[PDB]
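Observations on the three-dimensional arrangement
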Amino acid sequence: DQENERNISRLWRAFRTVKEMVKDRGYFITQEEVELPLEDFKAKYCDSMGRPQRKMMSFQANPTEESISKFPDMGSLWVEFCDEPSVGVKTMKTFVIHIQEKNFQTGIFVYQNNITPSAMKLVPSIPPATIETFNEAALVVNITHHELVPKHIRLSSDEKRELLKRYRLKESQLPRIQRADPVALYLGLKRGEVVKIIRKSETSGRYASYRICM
Amino acid sequence: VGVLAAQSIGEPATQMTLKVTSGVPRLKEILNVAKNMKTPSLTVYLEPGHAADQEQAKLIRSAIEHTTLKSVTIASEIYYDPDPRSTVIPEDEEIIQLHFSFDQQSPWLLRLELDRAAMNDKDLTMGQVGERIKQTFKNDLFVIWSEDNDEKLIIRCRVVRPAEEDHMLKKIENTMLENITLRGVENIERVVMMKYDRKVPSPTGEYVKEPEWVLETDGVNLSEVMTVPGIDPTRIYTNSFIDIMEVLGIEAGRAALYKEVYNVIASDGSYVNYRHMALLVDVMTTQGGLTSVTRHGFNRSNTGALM
Amino acid sequence: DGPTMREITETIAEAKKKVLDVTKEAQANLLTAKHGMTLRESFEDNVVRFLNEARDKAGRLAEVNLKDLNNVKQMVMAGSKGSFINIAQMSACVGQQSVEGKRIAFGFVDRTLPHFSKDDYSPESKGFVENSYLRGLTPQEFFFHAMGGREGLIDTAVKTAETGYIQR
Amino acid sequence: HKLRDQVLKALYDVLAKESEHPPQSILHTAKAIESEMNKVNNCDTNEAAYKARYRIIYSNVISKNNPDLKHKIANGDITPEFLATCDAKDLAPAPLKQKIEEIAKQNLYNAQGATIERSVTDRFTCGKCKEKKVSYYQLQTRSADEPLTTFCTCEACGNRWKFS
Amino acid sequence: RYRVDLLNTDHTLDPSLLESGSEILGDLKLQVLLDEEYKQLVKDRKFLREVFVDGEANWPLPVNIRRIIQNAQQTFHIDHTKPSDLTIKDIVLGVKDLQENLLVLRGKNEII
Amino acid sequence: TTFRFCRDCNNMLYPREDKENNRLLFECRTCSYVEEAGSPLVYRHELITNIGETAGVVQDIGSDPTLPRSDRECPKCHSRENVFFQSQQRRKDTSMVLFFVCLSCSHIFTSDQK
Ligand SMILES: [Mg+2]
Ligand SMILES: [Zn+2]
Ligand SMILES: [Zn+2]
Ligand SMILES: [Zn+2]
């Protein structure tokens, strides 16, 4: 076939990756849901003959009981899939206003292609609500499933403070990690957060390490 | 420990030797990055659902390899065909009545000639390349082509026009030859496939050298080769670890780097202990990003002015 | 020992015969044209493979002949010095000389050295030192041996400075 | 319907142009119309692939080589199958087909690359597997005062070691 | 190599390895201890098979056991006749006691 | 694809088109002489070249010593003397073809076995 099948499958896999993004970020999603088969996805999201309708394909999500139990403050997140290959200033303005109205603090936005700076200059507006941008090309393959990437987990502020008091560091002697890192963007963390890293060592098997997102 | 590790890596680099780069210069590059390639190869593992299907492996090769008209064009010639709807060349009449079953064009025929082997090695039937250039422009070029079943493969094209046409046609065909992608992702060149094997766990709980086929290249790209079908996206791997770092995060970056340095220093004169190498990797990666030990790289840290 | 020497000689002779057969096939333009490689590359690979197999076989033959009272055997199986390849090169055959993988190239046009007619690929013309250190070398082979040794020396003289800098 | 009648006109022209001029003109135009409906059974003027398949079949009828296909379609070759063939590579003619398989076989041979094969001996044993399938090499790395390196390469499991 | 059965038939020990081996053939308590130890072992096997994906078993590790038990034999004169006076409870408690008395990180908190 | 020069002044004729009768007028640009060409072929590329293997056959090859000598016969004169050498067009992907030239018949012949 021509490009329709590639477009369908790419959109399907990007949906898979975004779903597991949200799942390991700490928002409860049924385990069956992430392996939703492609033909079922198309049956859910075919309009006339082969066209996928991304506008209604987005969805809301809720923090788990467990993620609330540790982290006291996460509101509902919300995802987006605009259909224009470009990015419209009024389109994202409606998006950010809708986030403000629905009282959301984390807004997932996915673009087909490039974003004009006018449609992304006001992304850092409305604190404490934060807006995050993603390409489907960057989301067609889940990064964490690569076997060279170790497990990453998030630290609460309390246990981070405990870590500092135990190893007697001061906040700058930790090894760093970029904000623009792929796994950092996958987790969505921001400045001043600590990621515990579990990797499969060869002289002890299992080994711990921490980084700082500065 | 640091001095111990440094000496333990330094001395067996002295008794080490000097296709693919190796030896002293490769070690200098990977210790001194210097994002230059000289062998930018990256190994590609197939989907396990295609264990040994050679046709499948070739199909993935044809999906992945970059090709332009240079890959497919045998012969190019120019012609003055005055008749806009008939041919001075005797053979190109059946093609005309195929495409005749919208007139104001220059009577300056451009002719191409391809290789059937160079088409169907990559499963490019010439029908989609004809419509490919047709959709590439759709505005300036009539594009008329043969059937794939002929004994000679020709593309007929004329410029439509609402003097001097020789050099415009020369520039146009130069651009045609150079820039029209056909299939595959750019910066990937001729790709070969080897027959490897892997000590896979046996179903009765043992180990066996079960073979499988691997795709191997001579260029580098990452943001697309992960995205092609029929591939294992997990176990992909590249020698150029800077791109690994950029796409996968510096944890995978330092793991790939350790793999690379171990490969270089264990090509001969193995082995040093693991912990020294790990310490070198970690002190070279403990900044959130790769930091070559140059006159400037680690030197321009917030460190003591005297050292 | 005499009979073992005779076997060494005939072993190298049949290796030469295999090489000549390959050259005839190549010059008759029918070859398999080994995959991944160009025609001349395949030819060079085949001939170098044959010659190195010949050297190995001859060296093994000499070693398994060699008596238990032989002192270089005593040291070499006693650890300290010497090697299988040292025994082989002192007694049986030197082997094909080398200048970065390819054997000795035509510095002169179409020939390796001005004592042969043009366009040869027989191993003695391009540099197979068939002979052995006991019998000494024909002067052409002596020259090719000098080539290989010079290559080793210059490689050492550059690698030492570069490895010192990187160590520092 | 213009495309319908145009395809019909082309089909009537190419079957009237056959060496077997069929006196069964109504039967052969019935063949033409039934090929028209089974052809439009794919898309019926909804996709350009209909035109592409039209080009394929039209030029295959024209080609000469081969001419015998005209008689074979006139006396058989039931066309509803020939909507769903997409089998132009396996028709018109057999010598070109044989050419195609030998081309494909040579291409598959040229795809897979270098296979250098590491000539062995049987004297040493593996450092890990401990079996005798050992392969080597010679060169000297360090300064002139010492001999070669005596590189090792096991082949029973792929191990590498070295001897002084 | 490792699985022991004390109440079943196929993997039953020979009772002449230990003088108190006959009477303990049937105790559920020792059977439970052996079974959970065996589960521990197989979990370790799965863990190693997922960390060394090839299956290489020779690895650099600290203090060698084999020489130690060998010279233990050659010091204390093991024989071929006397059943050992070792008891199963003694073995499986002693291994865990050594397991904890190994010490690399001194400390008192959860992280350490 | 060869060049035709203006006979009136030695400059190659250029392709230029009749605006009304539609003919290939190779016109001179230096002077005003014009010429009608023969075929609509004008420009020609040859993206793949495979020619040159028998280069430089001079009439007196046999005067050189360094060429080897053999015993195949010239299949025109059957003289047992001959001279052979490698293909001349030195690319990395040429062949081991031997070209035999005999001194008697002064005639070249190869030994291809396809
Ligand atoms: Mg300082
Ligand atoms: Zn082995
Ligand atoms: Zn003139
Ligand atoms: Zn003759």
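Residues numbered from 1 in each chain as written, not as in the entry; some residues may be left out. Chains lettered and ligands numbered in written order. Part of a larger assembly, values for the part shown. Heavy atoms only, no water. Residues with missing side-chain atoms left out of burial classes, pairs and counts.

- In the PDB archive, cryo-EM is given as the structure determination method for this entry, at a resolution of 3.7 Å.

1. Focus: the overall build of chain E
- If you tally the helices and strands in chain E, you get three helices and zero strands.
- Secondary structure of chain E in N-to-C order comes out as α-α-α.
- For a compact globule of 112 residues, the expected C-alpha radius of gyration is about 13 Å, and chain E comes in at 18 Å, more than 25% above that figure.
- Along the first, second and third principal axes, the C-alpha atoms of chain E reach 45 × 35 × 35 Å. (Helix = DSSP H or I, 4+ residues; strand = E, 2+ residues; numbered from the N terminus. Rg over C-alpha atoms; globule rule 2.2 N^0.38 Å.)

2. Focus on the overall build of chain F
- Of regular secondary structure, chain F possesses zero helices and seven strands.
- Going from N to C terminus, chain F has its helices and strands arranged as β-β-β-β-β-β-β.
- A compact globule built from 114 residues should have a C-alpha radius of gyration of about 13 Å, whereas chain F, at 23 Å, is more than 25% larger.
- Projected onto its principal axes, the C-alpha coordinates of chain F cover approximately 65 × 30 × 25 Å.
- Here chain F, with 114 residues, has 32% of them falling under the buried criterion.
- Contacts in chain F between residues at least 24 apart in sequence constitute 26% of all its contacts with a sequence separation of at least 6.
- When the accessible surface of chain F is split by element, carbon and sulfur atoms take 53% of a total near 7700 Å².
- Taking the 15 positively charged and 16 negatively charged side chains of chain F as two groups, their mean positions are separated by 4 Å. (Buried < 20%, exposed > 50% of the residue type's maximum accessible area, 1.4 Å probe, protein only. Contact = heavy atoms within 4.5 Å. Areas by Shrake-Rupley, 256 points an atom, 1.4 Å probe, with all protein chains shown as cover. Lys, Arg positive; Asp, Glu negative; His and termini not counted. Charge placed at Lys NZ, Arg CZ, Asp CG, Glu CD.)

3. Points about the sheet that holds strand β1 (residues 60-61) of chain A
- Overall, mixed pairing links the four strands, which are arranged β1-β2-β3-β4 (chain A) in an open sheet. Because the sheet does not close on itself, it has two edges, and the strands there are β1 and β4 (130-135) of chain A. (Pairing = 2+ DSSP bridges.)

4. Here's the deal with the coordination of the zinc ion (ligand 3)
Residues and elements named next belong to chain F.
- In this structure, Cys6 (SG), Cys9 (SG), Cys28 (SG) and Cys31 (SG) serve as the protein donors to the zinc ion (ligand 3), at separations of 2.3 Å.
- Taken together, the four donor atoms coordinating the zinc ion (ligand 3) and their angles of 107 to 114 degrees define a geometry best described as tetrahedral.
- Mapped onto the sequence, the donors of the zinc ion (ligand 3) take the spacing C-x2-C-x18-C-x2-C. Of this pair, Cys6 sits in the segment before β1 (14-17) while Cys28 is found in the loop between β2 (24-27) and β3 (34-36), placing the two residues 22 residues apart along the sequence. (Donors = N, O, S within 2.8 Å, 3.2 Å for Na, K, Ca; no water. Tetrahedral: all angles 85-135°; square planar, octahedral: opposite > 155°, others 65-115°.)

5. Some points on the interface of chain E and chain B
- Facing six residues of chain E, the contacting portion of chain B comprises five residues.
- Interface area, chain E with chain B, both sides summed: about 380 Å², of which 41% is carbon and sulfur.
- Across the contact surface, chain E and chain B share zero salt bridges.
- Across the contact surface, chain E and chain B share one residue pair in polar contact. (Buried area = accessible area lost by both parts, 1.4 Å probe. Salt bridge = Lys/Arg side-chain N within 4 Å of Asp/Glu carboxyl O. Polar contact = N/O pair within 3.5 Å; in protein donor to acceptor, adjacent residues only side chain to side chain.)

6. Quick notes on the pattern of salt bridges
- Enumeration according to the criterion identifies 42 salt bridges over all chains in this entry.
- Residue B:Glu251 pairs with A:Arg199 through a salt bridge whose shortest N-O separation is 3.7 Å. Of this pair, B:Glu251 sits in helix α9 (residues 241-266) while A:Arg199 sits in strand β7 (residues 194-200), on two different chains.
- Using a relative accessible area of 4% as the deciding quantity, one classes B:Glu251 as buried.
- For C:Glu44, the salt bridge identified is with C:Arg103, shortest N-O distance 2.8 Å. Taken as a pair, C:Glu44 in helix α2 (residues 39-65) and C:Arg103 in the loop between β1 (95-96) and α5 (123-126) lie far apart in primary sequence, 59 residues in all.
- Connected through shared salt-bridge partners, B:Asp81, B:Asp92, B:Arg111, B:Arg156 and B:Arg158 make up one network.

7. Quick notes on the state of the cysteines
- Summed over all chains, the structure comprises one disulfide over all chains.
- The disulfide partner of F:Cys74 is F:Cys77, and the gap between their sulfur atoms is 1.8 Å. With the S-S dihedral at roughly -120 degrees, the linkage between F:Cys74 and F:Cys77 falls on the left-handed side.
- The closest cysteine sulfur to the non-disulfide-bonded D:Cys86 is located on D:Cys43, 10 Å from its own sulfur. (Disulfide = S-S within 2.5 Å.)

8. Digging into the domain arrangement of chain F
- Here chain F is partitioned into domain 1 (1-45) and domain 2 (46-114).
- For domain 1 of chain F versus domain 2 of chain F, the separation of C-alpha centres amounts to 39 Å. (Domains from an automatic or database assignment.)

9. Section: the sheet that holds strand β4 (residues 141-145) of chain B
- Overall, antiparallel pairing links the five strands, which are arranged β4(B)-β5(B)-β3(B)-β2(B)-β4(F) in an open sheet. Unpaired on one side and paired on the other, β4 of chain B together with β4 (41-44) of chain F mark the two borders of the sheet. Within this sheet the neighbouring strands show an average axis-to-axis angle of 25 degrees, counted without direction.
- Note that strand β2 (residues 73-80) of chain B and β4(F) share two bridges and pair antiparallel. Bridge pairing links B:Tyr79 to F:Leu41 in β4(F).
- Along the sheet face, helix α7 (residues 126-137) of chain B touches β4 and β5 (154-159) of chain B and points at about 175 degrees away from the line of β4(B). (Axes fitted to C-alpha atoms, helices over the stretch in contact; angles between N-to-C directions.)

10. What to know about the coordination of the zinc ion (ligand 2)
All names here are of chain D.
- Each protein donor to the zinc ion (ligand 2) is listed here as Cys126 (SG), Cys129 (SG), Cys154 (SG) and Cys157 (SG); together their distances run 2.3 Å.
- Around the zinc ion (ligand 2) sit four donor atoms, and with donor-metal-donor angles ranging over 95 to 115 degrees the site reads as tetrahedral.
- In the primary structure, the donors to the zinc ion (ligand 2) are separated according to the pattern C-x2-C-x24-C-x2-C. Taken as a pair, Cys129 in the loop between α6 (94-111) and β1 (135-137) and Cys157 in the segment after β2 (151-153) lie far apart in primary sequence, 28 residues in all.
- The class for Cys157 is partly exposed, based on a relative accessible area of 26%.

11. Comments concerning the environment of D:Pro67
Residues and elements named next belong to chain D.
- Among the secondary structure elements, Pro67 is positioned in the loop between α3 (49-62) and α4 (68-74).
- Overall, the relative accessible area of 41% leaves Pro67 in the partly exposed class.
- The spacing of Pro67 and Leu8 is 59 residues in sequence and 20 Å in space, taken between C-alpha atoms.

12. Digging into α9(B)
All names here are of chain B.
- Taking 1.5 Å as the rise per residue, α9 with 26 residues should run 38 Å; its terminal C-alpha atoms sit only 18 Å apart, a clear shortfall.
- Remark: the principal bend of α9, roughly 145 degrees, maps to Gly249.
- When you tally the buried positions in α9, you get 19 out of 26 residues, the bulk of the element. (Expected span 1.5 Å × (residues − 1). Bend = angle between axes of the 7 residues up to and from the residue.)

13. Brief notes about the arrangement of the chains
- Taking contact number as the criterion, the leading pair out of nine pairs of chains in contact is chains B and D.
- In this assembly chain D lies apart from chain F, the nearest approach of their C-alpha atoms being 15 Å.

14. Overview of the interface of chain B and chain D
- Taken together, the 29 residues of chain B in the interface contact 30 residues of chain D.
- Carbon and sulfur atoms supply 54% of the area buried between chain B and chain D, which totals about 2400 Å² over both sides.
- Contact with chain D buries surface across chain B, with B:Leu98, B:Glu147 and B:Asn149 losing the most and accounting together for 24% of the total.
- Our enumeration of links across chain B and chain D arrives at zero salt bridges.
- Inspection of the chain B/chain D interface yields nine residue pairs in polar contact.
- Listing elements by their share of the side of chain B that touches chain D, those giving two or more residues are α3 (54-64), α5 (94-98), α6 (116-120), β6 (192-201) and β7 (207-216) of chain B.
- Residues of the side of chain B that touches chain D, tallied by class, amount to nine nonpolar, 11 polar and nine charged. (Nonpolar A, V, L, I, M, F, W, Y, C, P; charged D, E, K, R; others polar.)

15. Structural notes on a nonpolar patch on the surface
- Side chains of A:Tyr167, E:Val104, E:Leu105, E:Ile111 and E:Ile112 sit close together on the surface and give an oily, nonpolar patch of about 490 Å² of accessible area.
- Here E:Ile112 is to be found in the segment after α3 (88-101). (Patch = residues over 30% accessible without salt bridge, like charges linked within 9 Å, V, L, I, M, F, W, Y side chains within 5 Å.)

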